[PDB]
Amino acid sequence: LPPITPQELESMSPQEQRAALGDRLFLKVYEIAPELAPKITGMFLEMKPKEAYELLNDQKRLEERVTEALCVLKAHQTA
């Protein structure tokens, strides 16, 4: 999917923002954690739209948020 412009993000409803950001976040997370990509994307969609949008423009920040999300899920695993 082509990137969302900053002008489109401010023009979308919260429902439209979630669908547009969620589809692009899922594809990028799928390249890092394919099995937990739907679960991690749902965690990302709880952030503010501006915060989730920065993940689509900074690869290094997206990797750290995925690593952070995996660590939080691992922390709750009473292994």
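Numbers for residues come from their place in the sequence shown, where the first is 1.
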| property | result |
| --- | --- |
| Modelled-residue ranking by C-alpha temperature factor, third containing residue 24 | middle |
| Relative C-alpha B-factor of residue 61, binned into the chain's lowest, middle or highest third | middle |
| Third of the chain's Cα B-factor distribution that residue 15 belongs to, per the entry | highest |
| Record-listed C-alpha B factor of residue 4: chain third | middle |
| CA B-factor placement of residue 79, once the chain's modelled residues are sorted into thirds | highest |
